[PDB]
Each structure stands twice: as C-alpha cells, then as structure tokens.
K.L.:
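Handing you a structure now.
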Amino acid sequence: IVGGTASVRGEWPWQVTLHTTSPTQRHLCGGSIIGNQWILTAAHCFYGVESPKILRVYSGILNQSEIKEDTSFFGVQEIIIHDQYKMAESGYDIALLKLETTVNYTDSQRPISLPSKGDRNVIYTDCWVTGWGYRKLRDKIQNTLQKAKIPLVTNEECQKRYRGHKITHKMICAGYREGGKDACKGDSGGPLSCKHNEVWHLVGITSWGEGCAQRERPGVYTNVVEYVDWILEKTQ
Ligand SMILES: COc1cccc(C(=O)O)c1OCCc1cc(-c2ccc3c(c2)[C@H](N)CO3)cc(C(C)C)c1
C-alpha cells in the first residue's frame, strides 16, 4: 500500500496473508475470509504455483514478523480459479481457496459479507484497501498491515485513463486524481472493503494498475458483486 498507515490488531479481521513455501517462504498475496473454510482472492496470485501443496493461509496476523516456525496456519485443500481467467488486466481475476479445516471466529479473524443482494444503487463513500504490499516501486513486502482510504471512480472515468485496456463492469476502479494512495504488488488478492450502514462489505479484490499511486492511474479491482452467482455456486 502506497501512502497508507499502520493498522492495529483486530482492525481488518477478514484480511489473510497467503504464503508460498517454495523455493522460500514468503507472503505471496492477500485474501479475505468469506466463510468458515473459504478465502476469496485473485487468480493472478497463482502464476507458477504447481499445486495447493506449497500454500499456507495465515489468519489473525498484524505483523509478518509474528509468523514463526510454530505459528498455526491453514493448509489449502483446493484452489478454484475462474474458468475465464487469462491475465489480471483482462478480468476474471478471482479465485477461491478451500481450507483444510474451519476457521474459528474471534476478534482477530472473522468473515466479511459480500455486497448485498438488492444494494445495486448503493453509492460507497467509505472504502479502504489493505495489505502488506509495496509502498513504492522496487520495495519489499511490509511488516505491518497497511491501510489507505481510496475513493471509487466511475467505470467511464477509469476507461479514459486506460485506453489500451477494456475496463468492463466486472471491474471497479479507485484512486485519487493526483495519486499518492493506492494498492501495489503484494496487496493483490486482498480486499477493497467499504462500510455502509456500519457494516463492512467486500466490494473489490485488489487486481492491477499502471504502476502504483501514479496521477490519473487508478487501481483496478475485481468487482465482487458481479461474481456473487459464481462465488455462491462454488461455496454451496
Ligand atoms: C508474476 O507476478 C505476480 C505474481 C503473483 C502476485 C503478484 C502481485 O500482484 O502481488 C504478481 O505481481 C504482478 C505484477 C505487478 C503488480 C502490481 C500491482 C498490484 C496491485 C495493484 C497495482 C499494481 C495497482 N497500483 C493497484 O493494485 C505492481 C507491480 C510493480 C509496478 C510493483 C507489479
């Protein structure tokens, strides 16, 4: 996250850190808890991943340095990538992880609701992007989970900033005209969470953009509400 600030324990309890364990253990992507055995994340995170065997999902983490050799994690039973996925910029950047066991909910780990059925006309004015990703180009994964508040932009305006890409209604964009705050590499797969009537909803999945926090280059997110039928079918 560029231009963000440190989160605190329990602030974003649906946020997980997905690690790969080969050839080294590192944070690969973010994700969101949406059910007791289900993480919603981005398909592009799994580039070059040979099988779910090398993945670990850690929940209830604030600092990456908290993760030691005895820290509990969930194994991944299955990775479900959208069948239309090709590359992040072309859409369908969505995947589910089915965990090997259930998540017990606590103040540090709980699910986030999807955008509600019937809420098409809701205008989201309080959206936040969170993650352990880069804070600038050529950075490293950050220790403390970062947060930044970002305004949504219209798909019409987003298309004007990305004339070389097809910005579809299965995507949503968020950014400032002068940049400064944005998601970046390593934040991918995590949530764009918006609070409405004091309830947080998972509105976007961090997906792609041109650089990070550049002027007039908003971040592009998978528009979760357009995938509710797909999510419900895979998790039912
Ligand atoms: C094989 O590559 C990867 C494999 C698995 C995971 C990832 C990942 O995305 O973490 C990955 O990197 C994809 C390439 C990339 C993405 C992004 C970026 C990611 C999210 C994002 C943006 C930009 C927009 N500002 C809004 O939200 C940035 C870079 C450079 C410029 C630092 C590079």
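Read the numbers this way: they start at 1 and go in the same order the structure lists the ligands and their atoms. In this chain, numbering begins with 1 at the start of the sequence shown.
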K.L.:
Test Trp38 against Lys98 for side-chain contact (heavy atoms from CB on, under 4.5 Å), laying out the working first.
P.N.:
CA-CA 5 Å; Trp38 295 106; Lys98 188 174 185 165; 3.5 Å; yes
K.L.:
Roughly how far apart are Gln84 CD and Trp230 CH2, rounded to 0.5 Å?
P.N.:
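Answer rounded to 0.5 Å: 11.5 Å.
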K.L.:
Could you go step by step and tell me if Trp14 and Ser193 meet the side-chain hydrogen bond (donor to acceptor under 3.5 Å, both in side chains) rule?
P.N.:
CA-CA 10 Å; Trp14 49 95; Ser193 312; 3.0 Å; yes
K.L.:
May I ask you to establish whether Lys170 and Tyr227 are in a cation-pi arrangement, using a distance under 6.0 Å from NZ or CZ to the six-membered ring centre and at most 45° from the ring axis?
P.N.:
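Cation-pi check for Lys170 and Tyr227: passes.
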K.L.:
Write out the protein residues near ligand 1, meaning a non-hydrogen atom under 4.0 Å from one of its atoms, in order of chain and number.
P.N.:
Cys29, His44, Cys45, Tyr47, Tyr134, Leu137, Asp182, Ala183, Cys184, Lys185, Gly186, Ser188, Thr206, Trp208, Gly209, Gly211, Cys212, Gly219
K.L.:
Is a salt bridge present between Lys234 and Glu78, judged by a nitrogen-to-oxygen distance below 4.0 Å?
P.N.:
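Looking at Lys234 and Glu78, the cut-off is not met.
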K.L.:
Give the intermediate values and the outcome of side-chain contact (heavy atoms from CB on, under 4.5 Å) for residues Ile79 and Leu55.
P.N.:
CA-CA 10 Å; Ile79 305 163; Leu55 303 177; 3.7 Å; yes
